[PDB]
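Participant: Have a look at the structure that comes next, please.
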Amino acid sequence: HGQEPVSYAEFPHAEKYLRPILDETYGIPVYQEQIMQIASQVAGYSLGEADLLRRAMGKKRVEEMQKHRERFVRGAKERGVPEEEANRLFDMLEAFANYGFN
Amino acid sequence: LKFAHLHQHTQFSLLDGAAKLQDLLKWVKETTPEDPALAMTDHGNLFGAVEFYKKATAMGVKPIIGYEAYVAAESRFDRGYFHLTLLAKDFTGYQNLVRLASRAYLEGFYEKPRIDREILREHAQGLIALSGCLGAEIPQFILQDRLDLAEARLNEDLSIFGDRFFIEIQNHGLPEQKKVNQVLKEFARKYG
Ligand SMILES: [Zn+2]
């Protein structure tokens, strides 16, 4: 309705990656493709590997998720984020991955 | 800038130990000529202690009689367990390692020979403890996202050993060690 700034103050360094994707849907990662795009841009991930990363969250494997967390942070630091946001971004992505629609 | 393994398993670790007593000491000798040291730490046993001591000293390497104890979750009478590296400070510590070993088999044997933090406190005199591998208590609570228990458990061990307790840090190609060693680095820094 044009009654809340869709801000990204939680992830200031990741804002420039988050906006172009999530401004179409007012900041809420509703679709699966948006989580793949975030993953691919923020973490320097392959778009094809971002498809795999969605399935790993869907499967929610016990300790195999920590392999991706490490992978995500390694790329994340190389792009812009200070590795305080990258881990908490992964918390957001995994959380909205459960109800992510095609 | 030199190194000395304090957590090493020999052939006397009957299940998973593959390192023979002879060829191990010469590798440690050939790698580090200047004051070589090696610690025998085997899984819930002290079989090689005497043979390791007299062969190490025969090669000019200083032996450190260790013991990777299986520590029970609560009590040793409970019928899983946790890892914990213990190192002998002096001869009193050697006698205390011999007792903890003995009570592991005699009293607290369920699947492995297990010990307790009760009896560890009883025979803590002369033991340098380390935090242990991923299979140990504090690192396992960190993996469970229960930092309050990890720290609580850290306080319990610090009441036992005091200034003899240390934070064991080991790194292979494993993502679980990055989360643990990070949280252990904070604990290491918080409690002096
Ligand atoms: Zn172990």
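Labels for the structure tokens follow display order: chains A, B, ..., residues from 1 in each chain, ligands from 1.
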Could you list, as number ranges by chain, the residues of chain B having an atom within 10 Å of chain A when counting only C-alpha atoms?
Facilitator: B: 143, 174-176, 178-179
Participant: With ligand 1 as the partner and 8 Å as the cut-off, tabulate the residues of chain B that qualify, each row holding the nearest pair of atoms and their distance in Å to one decimal, using only C-alpha atoms and all ligand atoms, sorted by chain and rising number, as a Markdown table.
Facilitator:
| residue | atom | partner | partner_atom_place_in_ligand_line | distance |
| --- | --- | --- | --- | --- |
| B:43 | CA | ligand 1 | 1 (Zn) | 7.5 |
| B:68 | CA | ligand 1 | 1 (Zn) | 6.8 |
| B:83 | CA | ligand 1 | 1 (Zn) | 5.3 |
| B:84 | CA | ligand 1 | 1 (Zn) | 7.1 |
| B:85 | CA | ligand 1 | 1 (Zn) | 7.8 |
| B:132 | CA | ligand 1 | 1 (Zn) | 6.6 |
| B:133 | CA | ligand 1 | 1 (Zn) | 5.1 |
| B:134 | CA | ligand 1 | 1 (Zn) | 7.0 |
| B:135 | CA | ligand 1 | 1 (Zn) | 5.4 |
| B:136 | CA | ligand 1 | 1 (Zn) | 6.8 |
Participant: Residue B:155: which residues within 10 Å, counting only C-alpha atoms, same-chain residues fewer than 6 positions away excluded, as a ChimeraX atom specification?
Facilitator: /B:149,162,191
Participant: Keeping only C-alpha atoms, write the selected residues to a file as an mmCIF file, in the first residue's frame.
Facilitator:
data_model
loop_
_atom_site.group_PDB
_atom_site.id
_atom_site.type_symbol
_atom_site.label_atom_id
_atom_site.label_comp_id
_atom_site.auth_asym_id
_atom_site.auth_seq_id
_atom_site.Cartn_x
_atom_site.Cartn_y
_atom_site.Cartn_z
ATOM 1 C CA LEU B 149 25.825 -26.199 28.667
ATOM 2 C CA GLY B 162 42.099 -25.188 37.734
ATOM 3 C CA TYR B 191 38.407 -17.530 31.202
#
Participant: Point out the residue among A:91, A:42, A:60, A:85 with the least atom-to-atom distance to residue A:9, counting only C-alpha atoms.
Facilitator: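 So, comparing all the options, the nearest one is A:85.
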Participant: Extract the full set of strand (DSSP E) residues from chain B according to DSSP on the backbone, and format it as a compact mmCIF listing (two decimals) with N, CA and C atoms, in the first residue's frame.
Facilitator:
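Result saved to out33.txt:
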# COMPACT_ATOMS: atom_id res chain seq x y z
N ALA B 37 59.55 -34.55 21.82
CA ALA B 37 58.58 -35.00 22.81
C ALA B 37 57.37 -35.62 22.13
N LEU B 38 56.81 -36.66 22.76
CA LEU B 38 55.66 -37.35 22.21
C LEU B 38 54.81 -37.88 23.35
N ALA B 39 53.49 -37.81 23.22
CA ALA B 39 52.59 -38.25 24.27
C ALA B 39 51.74 -39.38 23.77
N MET B 40 51.84 -40.52 24.46
CA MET B 40 51.00 -41.64 24.17
C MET B 40 49.62 -41.42 24.81
N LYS B 62 61.46 -37.69 24.71
CA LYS B 62 60.83 -37.61 26.02
C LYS B 62 59.39 -38.13 25.95
N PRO B 63 59.08 -39.18 26.73
CA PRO B 63 57.73 -39.69 26.72
C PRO B 63 56.81 -38.88 27.64
N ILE B 64 55.53 -38.79 27.27
CA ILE B 64 54.49 -38.19 28.11
C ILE B 64 53.34 -39.19 28.20
N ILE B 65 53.17 -39.79 29.38
CA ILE B 65 52.16 -40.83 29.55
C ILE B 65 50.79 -40.17 29.61
N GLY B 66 50.03 -40.34 28.53
CA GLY B 66 48.68 -39.78 28.40
C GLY B 66 47.60 -40.83 28.52
N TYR B 67 46.35 -40.38 28.38
CA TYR B 67 45.19 -41.25 28.50
C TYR B 67 43.93 -40.53 28.00
N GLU B 68 43.47 -40.86 26.79
CA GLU B 68 42.18 -40.37 26.26
C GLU B 68 40.95 -41.08 26.88
N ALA B 69 40.53 -40.60 28.05
CA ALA B 69 39.48 -41.24 28.82
C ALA B 69 38.11 -41.12 28.16
N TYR B 70 37.33 -42.20 28.22
CA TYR B 70 35.90 -42.15 27.93
C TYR B 70 35.13 -41.66 29.17
N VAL B 71 34.54 -40.51 29.05
CA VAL B 71 33.89 -39.94 30.18
C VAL B 71 32.41 -40.13 30.09
N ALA B 72 31.82 -40.61 31.17
CA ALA B 72 30.38 -40.87 31.17
C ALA B 72 29.56 -39.57 31.13
N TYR B 81 28.80 -41.92 26.15
CA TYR B 81 30.07 -41.50 26.75
C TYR B 81 30.74 -40.36 25.96
N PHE B 82 31.79 -39.78 26.54
CA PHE B 82 32.49 -38.65 25.96
C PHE B 82 34.01 -38.81 26.05
N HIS B 83 34.73 -38.22 25.10
CA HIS B 83 36.19 -38.23 25.09
C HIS B 83 36.78 -37.11 25.90
N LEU B 84 37.98 -37.36 26.42
CA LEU B 84 38.70 -36.37 27.22
C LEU B 84 40.17 -36.77 27.31
N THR B 85 41.05 -35.91 26.82
CA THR B 85 42.51 -36.14 26.88
C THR B 85 43.12 -35.77 28.24
N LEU B 86 43.81 -36.72 28.87
CA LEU B 86 44.49 -36.46 30.14
C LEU B 86 45.98 -36.75 30.03
N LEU B 87 46.82 -35.85 30.55
CA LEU B 87 48.28 -35.96 30.47
C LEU B 87 48.92 -35.93 31.84
N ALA B 88 49.87 -36.83 32.09
CA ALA B 88 50.54 -36.95 33.40
C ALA B 88 51.54 -35.82 33.66
N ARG B 114 34.56 -46.61 30.83
CA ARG B 114 34.20 -45.21 31.11
C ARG B 114 34.55 -44.72 32.51
N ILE B 115 34.81 -43.42 32.63
CA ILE B 115 35.07 -42.80 33.93
C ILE B 115 34.09 -41.64 34.17
N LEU B 127 47.21 -34.07 36.94
CA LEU B 127 46.71 -34.30 35.58
C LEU B 127 46.48 -32.99 34.84
N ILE B 128 47.15 -32.84 33.70
CA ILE B 128 46.89 -31.75 32.79
C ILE B 128 45.80 -32.28 31.87
N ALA B 129 44.65 -31.62 31.87
CA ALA B 129 43.53 -31.99 31.00
C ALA B 129 43.50 -31.09 29.78
N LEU B 130 43.03 -31.63 28.66
CA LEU B 130 42.71 -30.81 27.48
C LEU B 130 41.22 -30.94 27.16
N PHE B 165 43.90 -27.03 33.09
CA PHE B 165 42.99 -27.25 31.96
C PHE B 165 43.34 -26.38 30.75
N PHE B 166 43.14 -26.93 29.56
CA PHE B 166 43.51 -26.23 28.32
C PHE B 166 42.46 -26.48 27.27
Participant: Quick check, in Å to one decimal: how far apart do atom CA of residue B:17 and atom CA of residue B:36 lie?
Facilitator: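 Between atom CA of residue B:17 and atom CA of residue B:36 the gap works out to 21.7 Å.
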Participant: Pull the alpha helix (DSSP H) assignments for stretch 36-141 of chain B out of DSSP run on the backbone, and list those residues as a PyMOL selection string.
Facilitator: chain B and resi 49-59+91-106+117-122+137-141
Participant: Please save N, CA and C atoms of the selected residues as a compact mmCIF listing (two decimals), in the first residue's frame.
Facilitator:
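Writing the result to selection_9.txt gives the following:
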# COMPACT_ATOMS: atom_id res chain seq x y z
N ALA B 49 52.07 -47.94 28.07
CA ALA B 49 52.76 -46.99 28.97
C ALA B 49 54.22 -47.33 29.29
N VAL B 50 54.47 -48.55 29.72
CA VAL B 50 55.82 -48.92 30.12
C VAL B 50 56.68 -49.15 28.87
N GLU B 51 56.12 -49.83 27.86
CA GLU B 51 56.86 -50.13 26.65
C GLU B 51 57.14 -48.85 25.86
N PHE B 52 56.21 -47.90 25.91
CA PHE B 52 56.39 -46.62 25.25
C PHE B 52 57.43 -45.79 25.95
N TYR B 53 57.43 -45.84 27.28
CA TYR B 53 58.40 -45.09 28.07
C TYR B 53 59.83 -45.56 27.85
N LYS B 54 60.06 -46.88 27.88
CA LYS B 54 61.43 -47.39 27.80
C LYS B 54 61.97 -47.41 26.37
N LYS B 55 61.08 -47.32 25.38
CA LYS B 55 61.50 -47.27 23.96
C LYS B 55 61.70 -45.85 23.52
N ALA B 56 60.87 -44.95 24.03
CA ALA B 56 61.01 -43.53 23.75
C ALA B 56 62.33 -43.05 24.32
N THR B 57 62.55 -43.31 25.60
CA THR B 57 63.79 -42.93 26.29
C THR B 57 65.02 -43.61 25.66
N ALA B 58 64.81 -44.78 25.07
CA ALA B 58 65.86 -45.49 24.35
C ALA B 58 66.23 -44.80 23.04
N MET B 59 65.31 -44.02 22.48
CA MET B 59 65.56 -43.27 21.25
C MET B 59 65.94 -41.81 21.49
N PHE B 91 54.83 -37.89 38.74
CA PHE B 91 54.60 -39.26 39.18
C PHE B 91 53.28 -39.46 39.95
N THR B 92 52.85 -38.46 40.72
CA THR B 92 51.52 -38.48 41.36
C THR B 92 50.44 -38.58 40.29
N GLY B 93 50.63 -37.84 39.20
CA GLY B 93 49.74 -37.88 38.04
C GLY B 93 49.71 -39.21 37.32
N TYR B 94 50.86 -39.89 37.28
CA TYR B 94 50.97 -41.24 36.72
C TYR B 94 50.17 -42.21 37.54
N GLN B 95 50.29 -42.12 38.87
CA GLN B 95 49.51 -42.98 39.78
C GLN B 95 48.01 -42.72 39.62
N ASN B 96 47.63 -41.46 39.49
CA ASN B 96 46.23 -41.11 39.23
C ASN B 96 45.68 -41.56 37.88
N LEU B 97 46.52 -41.59 36.85
CA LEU B 97 46.12 -42.15 35.55
C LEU B 97 45.93 -43.67 35.63
N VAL B 98 46.81 -44.34 36.36
CA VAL B 98 46.70 -45.77 36.60
C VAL B 98 45.38 -46.13 37.31
N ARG B 99 44.98 -45.33 38.30
CA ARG B 99 43.71 -45.53 39.01
C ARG B 99 42.47 -45.26 38.13
N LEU B 100 42.47 -44.15 37.40
CA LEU B 100 41.36 -43.83 36.52
C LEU B 100 41.17 -44.92 35.46
N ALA B 101 42.29 -45.47 34.96
CA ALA B 101 42.28 -46.56 33.98
C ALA B 101 41.65 -47.76 34.59
N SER B 102 42.09 -48.07 35.81
CA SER B 102 41.67 -49.30 36.50
C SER B 102 40.18 -49.26 36.79
N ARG B 103 39.73 -48.14 37.33
CA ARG B 103 38.32 -47.98 37.65
C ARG B 103 37.47 -47.94 36.38
N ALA B 104 38.06 -47.62 35.24
CA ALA B 104 37.31 -47.60 34.00
C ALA B 104 36.85 -49.00 33.67
N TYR B 105 37.75 -49.98 33.81
CA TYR B 105 37.47 -51.37 33.45
C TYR B 105 36.71 -52.04 34.58
N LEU B 106 37.22 -51.91 35.79
CA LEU B 106 36.64 -52.63 36.92
C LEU B 106 35.21 -52.17 37.22
N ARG B 117 33.29 -37.61 36.08
CA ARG B 117 33.81 -36.35 36.58
C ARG B 117 33.89 -36.29 38.12
N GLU B 118 33.21 -37.22 38.77
CA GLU B 118 33.33 -37.44 40.21
C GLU B 118 34.70 -38.02 40.56
N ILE B 119 35.03 -39.11 39.90
CA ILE B 119 36.30 -39.76 40.18
C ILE B 119 37.46 -39.01 39.53
N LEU B 120 37.19 -38.31 38.43
CA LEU B 120 38.20 -37.44 37.83
C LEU B 120 38.63 -36.36 38.83
N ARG B 121 37.66 -35.84 39.56
CA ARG B 121 37.91 -34.85 40.59
C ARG B 121 38.69 -35.49 41.74
N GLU B 122 38.43 -36.77 41.97
CA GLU B 122 39.12 -37.49 43.05
C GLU B 122 40.60 -37.74 42.73
N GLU B 137 33.27 -33.38 25.43
CA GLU B 137 32.03 -32.84 26.02
C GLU B 137 31.71 -31.43 25.52
N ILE B 138 32.62 -30.48 25.77
CA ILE B 138 32.41 -29.06 25.40
C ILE B 138 32.25 -28.83 23.89
N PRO B 139 33.13 -29.39 23.05
CA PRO B 139 32.88 -29.33 21.62
C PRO B 139 31.55 -29.94 21.12
N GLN B 140 31.00 -30.93 21.81
CA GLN B 140 29.74 -31.57 21.39
C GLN B 140 28.50 -30.72 21.70
N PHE B 141 28.55 -30.04 22.85
CA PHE B 141 27.51 -29.06 23.25
C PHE B 141 27.47 -27.84 22.31
Participant: Please indicate the distance in Å from atom CA of residue A:84 to atom CA of residue A:6, rounded to one decimal place.
Facilitator: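 Straight-line distance from atom CA of residue A:84 to atom CA of residue A:6 works out to 21.3 Å.
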Participant: Taking only C-alpha atoms into account, which of B:20, B:7, B:2, B:189 comes nearest residue B:34?
Facilitator: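 Under the stated criterion, the closest residue is B:2.
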Participant: Return the single residue from A:45, A:83, A:50, A:55 that is closest to residue A:14, with distances computed using only C-alpha atoms.
Facilitator: A:83
Participant: Near residue A:33, counting only C-alpha atoms, which residues have an atom at most 12 Å away, once you skip same-chain residues fewer than 6 positions from it, shown as a ChimeraX atom specification?
Facilitator: /A:21-22,39-40,47-48,50-51,53-54,93,96-97,100-102
Participant: So the first atom is atom CA of residue A:16 and the second is atom CA of residue A:76; what is the distance between them in Å, to one decimal place?
Facilitator: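 Spanning atom CA of residue A:16 to atom CA of residue A:76 is a straight-line distance of 13.1 Å.
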Participant: Between A:26, A:72, A:99, A:90, single out the one closest to residue A:5, counting only C-alpha atoms.
Facilitator: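 For residue A:5, the nearest of the given residues is A:26.
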Participant: Nearest residue to residue B:131 out of B:14, B:188, B:167, B:6, using only C-alpha atoms?
Facilitator: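 Using only C-alpha atoms, the shortest distance to residue B:131 belongs to B:167.
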Participant: Excluding residue A:75 and residues on its chain fewer than 3 positions from it, collect all residues at most 6 Å away from it, counting only C-alpha atoms, and give them as an NGL selection string.
Facilitator: :A and (43-44 or 72 or 78)
Participant: Those same residues, written as a PDB file, in the first residue's frame with N, CA, C and O atoms?
Facilitator:
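What landed in part_13.pdb:
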ATOM      1  N   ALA A  43      26.978 -15.044  -2.374  1.00  0.00           N
ATOM      2  CA  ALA A  43      27.997 -16.029  -2.053  1.00  0.00           C
ATOM      3  C   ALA A  43      28.897 -16.361  -3.241  1.00  0.00           C
ATOM      4  O   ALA A  43      29.722 -17.253  -3.148  1.00  0.00           O
ATOM      5  N   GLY A  44      28.749 -15.654  -4.354  1.00  0.00           N
ATOM      6  CA  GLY A  44      29.496 -15.993  -5.572  1.00  0.00           C
ATOM      7  C   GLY A  44      29.231 -17.417  -6.046  1.00  0.00           C
ATOM      8  O   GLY A  44      30.092 -18.052  -6.662  1.00  0.00           O
ATOM      9  N   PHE A  72      29.340 -20.774   1.889  1.00  0.00           N
ATOM     10  CA  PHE A  72      28.625 -19.501   1.744  1.00  0.00           C
ATOM     11  C   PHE A  72      29.462 -18.352   2.307  1.00  0.00           C
ATOM     12  O   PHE A  72      29.580 -17.292   1.682  1.00  0.00           O
ATOM     13  N   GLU A  78      34.427 -12.684   0.213  1.00  0.00           N
ATOM     14  CA  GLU A  78      35.120 -12.266  -1.001  1.00  0.00           C
ATOM     15  C   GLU A  78      34.342 -11.213  -1.804  1.00  0.00           C
ATOM     16  O   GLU A  78      34.924 -10.486  -2.613  1.00  0.00           O
TER      17      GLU A  78
END
Participant: Give me, as a PyMOL selection string, all polymer residues having an atom no more than 10 Å from residue B:187, counting only C-alpha atoms and skipping those fewer than 6 positions away in the same chain.
Facilitator: chain B and resi 150-151+154+167+181
Participant: In terms of the shortest atom-to-atom distance over only C-alpha atoms, which of A:95, A:13, A:20, A:32 is closest to residue A:82?
Facilitator: A:13
